[PDB]
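Commentary on secondary and tertiary structure
Take a look at the letters that make up each chain.
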Amino acid sequence: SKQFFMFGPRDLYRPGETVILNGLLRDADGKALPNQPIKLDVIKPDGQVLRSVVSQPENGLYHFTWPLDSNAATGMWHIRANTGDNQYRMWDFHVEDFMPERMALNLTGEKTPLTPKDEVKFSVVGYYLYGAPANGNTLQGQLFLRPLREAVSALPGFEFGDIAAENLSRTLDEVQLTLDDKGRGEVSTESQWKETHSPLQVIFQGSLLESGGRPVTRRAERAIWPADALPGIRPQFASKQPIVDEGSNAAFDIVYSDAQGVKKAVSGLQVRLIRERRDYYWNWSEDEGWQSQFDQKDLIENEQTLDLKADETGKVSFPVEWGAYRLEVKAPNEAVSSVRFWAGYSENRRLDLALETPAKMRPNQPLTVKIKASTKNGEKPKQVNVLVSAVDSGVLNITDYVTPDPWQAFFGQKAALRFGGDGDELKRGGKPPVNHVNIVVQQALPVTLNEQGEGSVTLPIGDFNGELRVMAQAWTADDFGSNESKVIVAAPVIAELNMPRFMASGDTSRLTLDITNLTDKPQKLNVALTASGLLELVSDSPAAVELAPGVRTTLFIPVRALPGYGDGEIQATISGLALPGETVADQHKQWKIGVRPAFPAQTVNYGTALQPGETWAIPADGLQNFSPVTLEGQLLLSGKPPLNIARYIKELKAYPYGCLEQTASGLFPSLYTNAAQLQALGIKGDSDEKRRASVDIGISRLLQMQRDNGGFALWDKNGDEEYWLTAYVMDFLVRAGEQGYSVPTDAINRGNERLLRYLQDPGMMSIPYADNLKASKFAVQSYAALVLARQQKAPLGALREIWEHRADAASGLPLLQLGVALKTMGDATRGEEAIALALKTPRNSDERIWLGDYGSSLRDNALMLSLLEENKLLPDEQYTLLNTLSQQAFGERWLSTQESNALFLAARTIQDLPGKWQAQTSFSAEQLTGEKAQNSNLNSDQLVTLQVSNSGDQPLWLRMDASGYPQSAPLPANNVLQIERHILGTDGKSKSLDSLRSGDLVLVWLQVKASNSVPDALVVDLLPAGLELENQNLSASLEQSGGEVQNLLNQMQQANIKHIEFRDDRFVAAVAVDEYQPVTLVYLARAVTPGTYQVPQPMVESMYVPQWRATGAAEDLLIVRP
């Protein structure tokens, strides 16, 4: 069937850096195949496809590299491969803003389960990867105590421990340790879970802290039991908490087991079926927090006893009746295990490979590797190809990169639119500062070994301190194998600096300079320090130093971070160790950091449209407010539509039922479209047969609301006549037949002859609720005019008489109706006048005055437009009216079904019409053109002088958005939506920001709420350099079992969140936010660098309309001491 081994130097890249992917193709057997290509596709987190290739193989091997984009979205990416099979093999790989480790951490306890009173202790082993051990490096940690449910790891499905056991999950005392011992340190706890009859586990999450700096954090787990062996329960039912369907019986498998020791036996196991009545709940809103929930009582329903012999899988079954139960087996010894359920709601041909490699080496000189393959024979069958890569070991430990082993790869068995042009999610938050961390990765060419299975590569190594990992893979046509080797690289004396990931301009940190002697002879040096760029030394370093062999002591370097955006640098010139051996006298080192401002960027949004020959320039004072260094702009130049938010509304279906307006407004648009247009208009209403069939129904239904005199009532033919709707209804019924519907003849006639008497004798007409009868009656008369006029049944005489009562008119809509009525029956000169008047008559938009036309400024335009499309009239105004209608989009909070339709009927127009635009620009002196709509990115200098001029036959529409850091902290700006930031502790209680020592964890609470529905929201919490997010997307490093106050976690879980990114300087969340609905975001961070840091304001924006943003309230300064 074909098997494709995908493999690479690593699975953790970092936005910016090039990716390497390798491939080998074999069959079901694992033998070679005929030479062929393999389509590879690169896949972004969301699901889209960045790029794709047809990888040709050179010499049995597939290779694929491509440069991962600086602003690429952090997530998990995939490369997948079509093997013609139409099953895609995926190669997953991480992209995160990540920091290679520079240290290691082994933590162990023996794997034997303890007993209740047995204290718990763990091993610690702190060691820098250049060789040295953490001598005196402190260690933060947290000791948790969590229920251990799947204790028998050879019987997953069986659950162990009393599911209702009070207080089983606690977070025990915090860990704190100098580990002065060059080797190590140790961590114990005394038992406090005497009581339990349930199997528990103690969990240690430990962080080994670099010198005034980052953590390298790992967790160890140490099981705990209460008996020799424990009772187990597997509920037979599935699909989660498991439950019986109805009042059916509760099927269970039941057992008794040792640590893994299968099936030990005792009789007298007391099985019970406990039920839980839960009544009473809630608490006053504005309790702060809000509400609370139910209390319960537990009563027994069976006391059935079951016996069990060794190797026996018990089986109890019990009928139940619609409540929350739980099954609770009690062992003689006293270990209990409950489980809860609710009845309702709510072969060796591998090639032996060995690697000749130094155990240790200095940097800057090539690393030579030699490869010999035993082949499990005298000599290795055919040609030996070997590919060999080298990777900084601190990169592979975060992923825990198992080296790729081809052998067991072959033989190893048993989304429509957001609007975010790519990539803007960052851009709007503001250019991130540039992160200079350098990753060390080399891959060699594939080698063909000799006839003795021997060969050698030389991987040139640069300036580096730490462990390397050499890895190699080998293949013949039929045989495969691999191996890895750990090659330390150090200097005679290491000096590596410690910095935060960035610094906000104004921030001040105290960088630590690690410096270790690996020479054996004591040495005396002078570390002369310079700082240039947007970074300056505040004070004066210790001049000279002195060290024994194998000892490091650090220097502290305090640093004012200068205003602006760019890069700062620290130069060390290190004098000493002038050598007749190493051939050296001095050594110069450089280190660089990114400086950005301390507040989030802003954006500005212009949109207009230009009929040919018009020119759009940009305001002079419009960008006046931004820092130009970091300002960029988009300029989408669509030639087909306006705002065109055909969506932002829907689904749309046929509702034949209800009163007369429900019914009419229910069907009125279903006349004019079908599934086709709909599943292509990005919305789907009704099966095409269900729509027609459902119109047919509402027709015959309306007819029965037709009174004798031919006009209509709301519910029955005996109803009080409703005047304006009688017109409306007819309009529908007339239109109906033109769209292939059957309307009875006279029914329509009885109605028309009535509509006439709407023109001739308004005296009869009495409108029930509405005032301004003058205007209400006029509006009625003109709708009735149109309708009859379409039929050629609107007598030119009566159209005049109403043409002079025109001063009564409230809206322009009637006039436009009456213009077209006139136009069509003769007398175009009144028509043209009545029309041309209509267009310059607006409605007062307070509209509580209630005229009985169900209208508004909003729809009467949408209809005045939907009219002109029909008659092909005054197309110049058509754009004008359309553009004014576009702008009813800001005012799209709660539209009626009449405004919806009347819009949708104007909107369905846009779909077909092209398209074609042409325009001159300030930039690209060439004529820009396009079939569709095209974006164009602009820098500061381009856009400050930006002008755009149409050049074509059609009008175009241009949107621009421009984003960059301002000169000065935006004052807190609530608009549409808004945002609070609260720094909670680890114990869930607001933390004094001045109270922070390094290594401390902190919980950040973002409450985001809105007055609209804003589905393209963008949360962007910038950071104070003091903090660094503890990334979860990864993790071998740190978790939200750590987070105690679930109040909020639970909430977060509900919210519709497209993605959360954890990035060097920014918390970023794309999300949908609503009214009546807050959106709780919580994210875990740590304080690393000591100093005093400016806290940005938290912000959020709507992607589509940037004017919808909320700069939240600025917090005070963050101070970190140690």
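Residues numbered from 1 in each chain as written, not as in the entry; some residues may be left out. Heavy atoms only, no water. Residues with missing side-chain atoms left out of burial classes, pairs and counts.

As stated in the entry header, the method of structure determination is X-ray crystallography and the reported resolution is 3.65 Å.

Here's the deal with the overall build of the protein chain
This is how the line gets drawn: Note on conventions: DSSP H or I runs of at least 4 residues are helices, E runs of at least 2 residues are strands, and numbering of each starts at the N terminus.
Along the backbone of the protein chain there are 17 helices and 63 strands. C-alpha atoms of the protein chain, sized along the principal axes, occupy 115 × 85 × 70 Å.

Let's talk about the sheet that holds strand 2 (residues 12–13)
We apply this condition: DSSP-based pairing: two strands are paired if at least 2 bridges between them are found.
Strand order in this open sheet of 5 strands is 2-9-8-4-5, and the pairing throughout is mixed. A strand with exactly one partner marks an edge of an open sheet, and here the two such strands are strand 2 and strand 5 (49–55). Here 8 bridges tie strand 8 (residues 75–82) to strand 9 (residues 88–95), and the two strands are oriented antiparallel to one another. Its bridge partner being in strand 9, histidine 78 is matched across the sheet by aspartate 92.

Details of the side chain of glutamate 1075
Inclusion rule: N or O atoms closer than or at 3.5 Å make up a polar contact, with two conditions inside protein: a donor-capable atom paired with an acceptor-capable one, and, for residues adjacent in sequence, both atoms drawn from side chains. Pairs of residues are marked as contacts when any of their non-hydrogen atoms sit within 4.5 Å.
With respect to the helices and strands, the residue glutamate 1075 is situated in the loop between strand 58 (1066–1073) and strand 59 (1079–1087). Engagement of the side chain of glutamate 1075 in a polar contact is seen with the side chain of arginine 893, the distance being 2.9 Å. The contacts of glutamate 1075, once residues within four sequence positions are left out, are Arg893, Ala1010, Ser1011 and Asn1012.

Examining a nonpolar patch on the surface
For the record, the criterion: Patch definition: residues with relative accessible area over 30% and no salt bridge; like charges joined within 9 Å; nonpolar side chains (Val, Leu, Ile, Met, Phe, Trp, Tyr) joined within 5 Å. The method behind every accessible area is Shrake-Rupley, applied with a 1.4 Å probe, and residues are considered shielded solely by the protein chains displayed. Note on definitions: salt bridges are taken to be side-chain nitrogens of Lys or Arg within 4 Å of carboxyl oxygens of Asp or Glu. The classification of residues rests on relative accessible area computed with a 1.4 Å probe and restricted to protein chains. Under 20% of the type maximum is buried, over 50% is exposed, and intermediate values are partly exposed.
Taken together, the side chains of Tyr281, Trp282 and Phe294 define a hydrophobic patch exposed on the protein surface, amounting to about 360 Å² of accessible area. The residue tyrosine 281 is located in the loop between strand 20 (273–279) and strand 21 (295–300) in this model. Assessed through its relative accessible area of 45%, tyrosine 281 is described here as partly exposed.

Quick notes on unusual backbone geometry
With the exception of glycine, most residues fall at negative phi, and the peptide bonds are largely trans. For the bond from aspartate 422 to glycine 423, the omega torsion is -5°, close enough to zero to count as cis. Note that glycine 423 resides in the loop between helix 2 (406–410) and helix 3 (424–427). At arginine 102, a position not held by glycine, the phi torsion is positive, near 60°. Within the secondary structure, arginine 102 is located in the loop between strand 9 and strand 10 (103–108). Note on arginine 102: relative accessible area 26%, which makes it partly exposed. For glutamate 246, which is not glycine, the phi torsion reads 95° and is therefore positive. Inspection of the secondary structure puts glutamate 246 in the loop between strand 17 (230–235) and strand 18 (252–257).

Some points on the side chain of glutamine 36
Its place among the elements puts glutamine 36 in the loop between strand 3 (18–26) and strand 4 (38–43). With a relative accessible area of 18%, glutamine 36 lands in the buried category. Setting aside residues up to four positions removed in sequence, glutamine 36 forms contacts with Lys2, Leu25, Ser55, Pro57 and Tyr62.

Looking at helix 7 (residues 723–738)
Keep this limit in mind: Given a helix with a known number of residues, its expected span is that number minus one, times 1.5 Å.
In this model, helix 7 (16 residues) spans 24 Å end to end at C-alpha, consistent with the 22 Å of a helix rising 1.5 Å per residue. Among the 16 residues of helix 7, 14 are classified as buried, and the element is accordingly described as predominantly covered. Directly beyond the C-terminal end of helix 7, a positive phi value near 60° is found at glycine 740.

Topic: the pattern of salt bridges
A full pass over the atoms with the stated rule returns 51 salt bridges. Measuring nitrogen to oxygen at the nearest pair gives 3.4 Å for the salt bridge that ties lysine 44 to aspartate 422. Judged by relative accessible area, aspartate 422 falls into the exposed class, the value being 64%. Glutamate 186 is the partner of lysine 121 in a salt bridge, and the nearest nitrogen-oxygen pair spans 3.6 Å. With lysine 121 in strand 11 (residues 120–128) and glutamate 186 in strand 14 (residues 185–189), this pair connects stretches of sequence that are 65 residues apart. Taken individually, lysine 121 and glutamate 186 each receive the classification exposed, so the pair is uniform in this respect. Here the salt bridges share partners, and the residues they tie into one network are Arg14, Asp97, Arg214, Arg501, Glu1028, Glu1061, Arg1063 and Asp1064.

What to know about the packing of aromatic side chains
Note the cut-off: We call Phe, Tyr and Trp rings a pair once their centres come within 6.5 Å, taking the six-membered ring for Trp, and we label the pair stacked below 30 degrees between planes, edge-to-face above 60, and tilted otherwise. Remark: a charge is flagged as sitting over a ring if the NZ atom of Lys or the CZ atom of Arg is within 6 Å of the ring centre and within 35 degrees of the ring normal.
Under the counting rule described, the total for this entry stands at 37 aromatic pairs. When the ring of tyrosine 128 is compared with that of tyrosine 130, the centres are 5.1 Å apart and the planes differ by 40°; the resulting orientation is tilted. Judged by its relative accessible area of 3%, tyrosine 128 falls in the buried class. Since its relative accessible area comes to 5%, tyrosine 130 is described here as buried. Pairwise contacts between aromatic rings join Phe668, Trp724, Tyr728, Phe732, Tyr783, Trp850 and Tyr854 into one cluster. The ring of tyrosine 13 carries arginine 10 above its face, with NZ or CZ at 4.2 Å from the centroid. When the ring centre of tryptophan 803 is taken as origin, the NZ or CZ atom of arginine 806, which lies over that ring, is 3.9 Å away.

Some thoughts on helix 6 (residues 688–703)
Here helix 6 is 16 residues long and its end C-alpha atoms lie 23 Å apart, about the 22 Å a rise of 1.5 Å per residue gives. Along helix 6, the residues that are buried comprise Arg691, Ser694, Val695, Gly698, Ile699, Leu702 and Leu703. Residues of helix 6 that are buried sit in contact with helix 4 (660–667), helix 7 and helix 8 (745–760).

Quick look at the environment of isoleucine 494
Of note, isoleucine 494 is situated in strand 35 (residues 493–498). Since its relative accessible area comes to 0%, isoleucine 494 is described here as buried.

Overview of the sheet that holds strand 52 (residues 977–984)
Put simply, the rule reads: To define axes, lines are fitted to C-alpha atoms, for helices over the stretch in contact only, and angles between the resulting N-to-C directions are given on a 0 to 180 degree scale.
Overall, antiparallel pairing links the 4 strands, which are arranged 52-54-59-56 in an open sheet. Unpaired on one side and paired on the other, strand 52 and strand 56 (1027–1029) mark the two borders of the sheet. Sheet twist, expressed as the mean angle between neighbouring strand axes with direction ignored, is 35°. Relative to strand 59, strand 54 (residues 1001–1010) runs antiparallel, the two being bridged by 8 bridges. Following the sheet pairing, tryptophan 1005 is matched in strand 59 by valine 1082. Packed on one face of the sheet, helix 17 (residues 1046–1054) meets strand 52, strand 54 and strand 59 and runs near 125° to strand 59.

Description of the packing of helix 4 against helix 7
Convention followed: Roughly parallel here means an angle under 35 degrees, roughly antiparallel means over 145, roughly perpendicular means 65 to 115, and every remaining angle is called oblique. Here a crossing is taken to be left-handed if its near helix is turned anticlockwise relative to the far helix by less than a right angle, and right-handed if that turn runs clockwise. Polarity classes work like this: nonpolar for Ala, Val, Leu, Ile, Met, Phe, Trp, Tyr, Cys and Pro, charged for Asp, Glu, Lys and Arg, and polar for all others, with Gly in that last group.
Contact pair helix 4 / helix 7: the axes reach a minimum separation of 10 Å and the direction vectors enclose 30°. The orientation of helix 4 with respect to helix 7, classified from their angle, is roughly parallel. For the crossing formed where helix 4 meets helix 7, the hand is left-handed. On helix 7, the residues touching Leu660, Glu661, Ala664, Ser665 and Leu667 of helix 4 are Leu725, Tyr728, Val729 and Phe732. Among the residues forming the contact of helix 4 with helix 7, the class breakdown is 7 nonpolar, 1 polar and 1 charged.

Some points on the nonpolar core
Threshold: Only buried residues count toward a nonpolar core. Its members are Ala, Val, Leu, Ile, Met, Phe, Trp, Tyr and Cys residues joined through side-chain atoms within 4.5 Å.
Counting residues in hydrophobic clusters, the biggest one holds 75 residues, and the most contacted among them are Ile699, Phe732, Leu755, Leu816 and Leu818. The greatest single-element share of this core, amounting to 11 residues, is contributed by helix 7. Not counting the four nearest positions on each side in its chain, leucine 818 is found in contact with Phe778, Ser782, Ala785, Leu799, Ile802 and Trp803.

Regarding the environment of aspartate 287
As for its position among the elements, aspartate 287 is in the loop between strand 20 and strand 21. Engagement of the side chain of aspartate 287 in a polar contact is seen with the side chain of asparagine 283, the distance being 2.8 Å. Only 3.3 Å separates the side chain of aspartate 287 from the side chain of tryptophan 284, close enough to count as a polar contact.

Observations concerning the pairing of strand 5
Pairing of strand 4 with strand 5 involves 6 bridges; the strand directions are antiparallel. Of the residues in strand 5, the one forming a bridge with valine 42 is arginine 51. Taking the residues between adjacent antiparallel strands as the criterion, strand 4 and strand 5 are bridged by 5 residues, where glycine 47 takes a positive phi near 145°.

Looking at the environment of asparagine 377
Its location among the elements puts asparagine 377 in the loop between strand 28 (367–373) and strand 29 (385–392). Its relative accessible area of 58% is what places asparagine 377 among the exposed residues. The sequence separation of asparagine 377 and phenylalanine 410 amounts to 33 residues, and the corresponding C-alpha distance is 21 Å.

Describing the packing of helix 11 (residues 813–825) against helix 12 (residues 828–838)
Working note: a packed helix pair is described by the angle between its axes plus the distance between those axes. Between helix 11 and helix 12, the least distance of the axes is 7 Å, while the angle of their chain directions is 165°. The angle between helix 11 and helix 12 falls in the class roughly antiparallel. Remark: the crossing between helix 11 and helix 12 carries left-handed chirality. Taking contact as the criterion, the partners of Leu815, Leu816, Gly819, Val820, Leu822 and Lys823 in helix 11 are, on helix 12, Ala828, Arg830, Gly831, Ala834, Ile835, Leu837 and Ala838. Tallied by class, residues from the contact of helix 11 with helix 12 come to 9 nonpolar, 2 polar and 2 charged.

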